[PDB]
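Q: Any chance you can model this:
(one chain, ligands or ions: 1)
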Amino acid sequence: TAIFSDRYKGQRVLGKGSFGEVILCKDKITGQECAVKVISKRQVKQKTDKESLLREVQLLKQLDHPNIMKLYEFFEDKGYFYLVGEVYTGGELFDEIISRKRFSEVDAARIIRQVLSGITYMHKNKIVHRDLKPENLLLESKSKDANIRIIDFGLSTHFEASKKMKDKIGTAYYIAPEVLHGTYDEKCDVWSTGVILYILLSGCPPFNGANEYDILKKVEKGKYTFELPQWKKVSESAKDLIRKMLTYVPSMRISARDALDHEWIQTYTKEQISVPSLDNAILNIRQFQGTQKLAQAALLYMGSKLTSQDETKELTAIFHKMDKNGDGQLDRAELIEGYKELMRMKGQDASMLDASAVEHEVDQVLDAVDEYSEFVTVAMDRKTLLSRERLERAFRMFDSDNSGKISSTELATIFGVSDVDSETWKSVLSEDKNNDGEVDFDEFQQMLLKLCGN
Ligand SMILES: CC(C)(C)n1nc(Oc2cccc(Cl)c2)c2c(N)ncnc21
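A: Numbering: from 1, shown residues only. I have put the structure below:
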C-alpha cells in the first residue's frame, strides 16, 4: 500500500468538518499544497463495504466542475482514511456575505446559480450530497469574483452521521423531510438549496424552532411561510422558485437542471442587468451566523475540556509507568515515546501525523519549560488553546454592540441551538447569584465548565 505521511507533511490545522479534522498539507517532493480530511475509523462508521468506497473514490478523482471541490488522492491505514484535495482560502460563503454593505437578489441569484450548477453536474454522475448546507460552500479564494466550491459530495453515502451535537450543529435546518424517513434520492439536494435560498433572501430559516427536535418537527410537517416583513422586498419569481424547491413530494420537486432555467435565475443573473439591497436579510444573517458559531464554539470548548481531562490523566499514567526510578523526571526521548504512546491509545491528533510531528511538538513544549508533570500541564494547555480562543473570539463577535454581556434571552437562543436543556442551563447560571439577567465572558465560560463536570 502507499502511505500518507511518506508523501505529505502537515503544515497547520484548517478546521473541523463533517467526519473529521481538515489539515493543510504539503507534498514533500513537489511542494503541492492540499487540504486533507482525516477520518477516524474509531469515531465514524462505514455504511458501505471497501469495494464500494474505492469505486466511489476512483470516480470522484476523475470528476471536474468549477463549483465542486477537486479531489486528488485517497489513503487508508489501520485507523484512518485520508481524503486529499484542493485547498480553498476564501472561507465560508456566509462570512463573506455578512461583511458586505449591499446584498441584493442579484448577488443571491449568482450564488444560487453556481450551487445549482455543481449539483446538476454531480447528479448526472449519480452522486448525491444529502448534507448540503452553508458550511459546505467555500469561496475558492479571497478575491472578489471567486467561485463557490461545494465540499463533501458523496461522503454521506459512505460514512454514518455523528449523533453528537458537537457534530450536528445547524444540520437540521437544511435536511430534506424524506431523508428523515429513509427513502431519498438526488432531489434532497434541491430542497437543501431552497432552504439556503430562503435564508439568503430573509436572513432566517424557513423551518425553525427552539431546539434540534423542534426544528425537525417543522421540517417533517414541511409547512413554511413568506410572512416575515422583509419578504415584501422580494420579487415574486424568487418566491415561486423557493416554492418549487421546497415542494414536499420529491417527484413533484423541481430538478437542479430545471431550476437553472427558472425565470428568477434568468432574470437576475443577466450580465446585462435590469434593484434594492436587502438590508434586513443581511442583519439577520449576521445574527444567525454569530449565534450558530457561538453555539458551535461552546460545544467544542466543552468537548475539549473533557478530552483534556481524559488525556491529562492518561499521559500522567503513561509517564508514571515510564518512570523506571520513580523520581518524577524523564529525558527528551521518554517524553517523545510517552506522547506517542498516548496517541496509539487515544488515536492520532490530526496535527501529529507522524513521529517527526510529535518530536517538534515535544521540542516546542520543552522550549517553554527549558519533570513530567510540568510537561503534561503545558502540553495539554496547548491542545485546549484553539478551543479557548475560538470561544472568546466567538463571544466577542456575537456581542455586536460591544456591551461585554449576553442577555438571558440570547442565552436561551444559544443553548437551544446547542441543544442544552433549558432547566439545566438556568440551574448552572444560578450557581449569577445576583440576577442581572446577563453574563460577561468569564461567567459564560464558567457556565460551560459546569455543564461538562468541572
Ligand atoms: C476548513 C474546512 C474544514 C471548512 N475545509 N474543508 C474542506 O473540505 C475538504 C478538505 C479535504 C477533503 C475533503 Cl473531502 C473536504 C476544505 C478545503 N478543501 N479547503 C479549505 N478548507 C476546507
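
Q: need the contact list for the nearest residue to residue 297 once chain neighbours are set aside.
A: Among residues not flanking residue 297 along the chain, residue 394 sits closest, at 3.7 Å (Cβ to Cβ, 6 or more residues apart in numbering). Yep, even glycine has a C-beta here, placed from its N, CA and C like the rest. Contacts here follow Cβ atoms under 8 Å, 6 or more residues apart in numbering; on that basis residue 394 touches 290, 293, 294, 296, 297, 298.

Q: ok, of the residues you listed, which one's closest to residue 424?
A: residue 298 (13.5 Å; Cβ to Cβ).

Q: Sticking with that closest one, tell me its helix or strand.
A: When secondary structure is defined by DSSP states H and E, residue 298 falls within helix 279-322.

Q: Show me what from the stretch 1-150 of the chain comes close to the ligand.
A: Within the stretch 1-150 of the chain, the residues that sit near the ligand (Cβ under 6 Å from any ligand atom) are 14-15, 17, 22, 35-37, 69, 83, 85, 87-88, 138.

Q: What subset of these is buried?
A: 14, 17, 22, 35, 36, 37, 69, 83, 85, 87, 88, 138 (16 or more other Cβ atoms under 10 Å).

Q: Which of the contacts of residue 394 has the largest number of neighbours?
A: Using other Cβ atoms under 10 Å as the neighbour test, these are led by residue 298, with 27 neighbours.

Q: my guess is residue 392 meets residue 441, correct?
A: Yes - using Cβ atoms under 8 Å, residue 392 is in contact with residue 441, at 6.5 Å.

Q: what's around residue 266, how many residues?
A: Every residue meeting other Cβ under 10 Å relative to residue 266 is counted, giving 13.

Q: okay, now the domains of the chain?
A: 1-89+153-160, 90-152+161-287, 288-454 (curated CATH domains).

Q: circling back to that earlier point, quick check: phi and psi at the residue nearest to residue 297.
A: phi -70, psi -30 (degrees, to the nearest 10).

Q: which residue packs closest to residue 282, ignoring adjacent ones?
A: Nearest non-adjacent residue to residue 282, counting by Cβ to Cβ, 6+ apart: residue 103, 5.1 Å away.

Q: Surely the one you found forms part of a strand?
A: No - per DSSP: H, G, I helix; E, B strand; the rest coil, residue 103 lies outside any strand segment and is coil.

Q: what residues are up against it?
A: By Cβ under 8 Å, 6+ apart, the contact set of residue 103 is 97, 277, 278, 281, 282.

Q: In those, find the pair that's most separated.
A: Going by Cβ to Cβ, the pair spanning the contacts of residue 103 furthest: 97 and 277, at 12.1 Å.

Q: More neighbours: those two, which one.
A: Neighbours per residue, other Cβ under 10 Å: of residue 97 and residue 277, the larger number sits with residue 97, 21 against 15.

Q: Doesn't residue 75 belong to a strand?
A: Yes - judged by three-state DSSP, residue 75 forms part of a strand.

Q: pretty sure it is touching residue 6, no?
A: No - contact between residue 75 and residue 6 fails when scored by Cβ under 8 Å: they sit 9.5 Å apart.

Q: which outside residues touch the lengthiest strand in the chain?
A: Determined from DSSP state E, the single longest strand within the chain is strand 8-17. With Cβ under 8 Å, 6+ apart as the test, strand 8-17 has contacts from 21-28, 33-37, 84, 87, 135, 151-152, 300, 350-351, 353-354, 356-357, 386.

Q: Now do it and helix 279-322, the angle between them.
A: Interaxial angle of strand 8-17 relative to helix 279-322 (axes from the mean of the first three to the mean of the last three Cα atoms, to 10 degrees): 130 degrees.

Q: Partner strands of strand 8-17, with direction?
A: Paired neighbours of strand 8-17 in the sheet (DSSP bridges): strand 20-27 (antiparallel).

Q: Can you tell me what sits against the strand it pairs with?
A: Taking contacts as Cβ under 8 Å, 6+ apart, the residues outside strand 20-27 that touch it are 7-16, 32-40, 43-44, 84, 87, 350-351, 353.

Q: Among the residues you listed, name the buried ones.
A: Those of the contacts of strand 20-27 that meet the buried threshold are 7-8, 10, 14, 16, 34-39, 44, 84, 87, 350-351, 353, by 16+ other Cβ under 10 Å.

Q: Give me the distance between residue 445 and residue 424.
A: Distance, residue 445 to residue 424, by Cβ to Cβ, to the nearest Å: 17 Å.

Q: between those two, which one's more packed in?
A: A count of neighbours by other Cβ under 10 Å puts residue 445 above the other of residue 445 and residue 424, at 17 against 11.

Q: in what helix or strand does that one lie?
A: Judged by DSSP H and E, residue 445 forms part of helix 441-450.

Q: just checking, what packs against that helix?
A: Judged by 3 or more Cβ pairs under 8 Å, 6 or more residues apart in numbering; DSSP states H and E, helix 441-450 is in contact with helix 279-322, helix 372-398, helix 422-430.

Q: tell me which residues in it are buried?
A: For helix 441-450, burial by neighbour count (16+ other Cβ under 10 Å) applies to 444, 445, 446, 447, 448, 450.

Q: Also stretch 211-221?
A: The neighbour-count check on stretch 211-221 (16+ other Cβ under 10 Å) flags 211, 212, 215, 216, 218, 219 as buried.

Q: What helix or strand is the third one located in?
A: Following DSSP H and E, one finds residue 215 within helix 212-221.

Q: so what secondary structure elements neighbour the helix or strand that that helix is followed by?
A: Once helix 212-221 ends, the next helix or strand along the chain (criterion: DSSP H and E) is helix 236-245. Secondary-structure packing of helix 236-245 (3+ Cβ pairs under 8 Å, 6+ apart): helix 187-202, helix 256-260, helix 263-269.

Q: Nearest to the ligand, out of those helices?
A: Set against the ligand and scored by Cβ to the nearest ligand atom, the helices and strands packed on helix 236-245 come closest in helix 187-202, at 16.2 Å.
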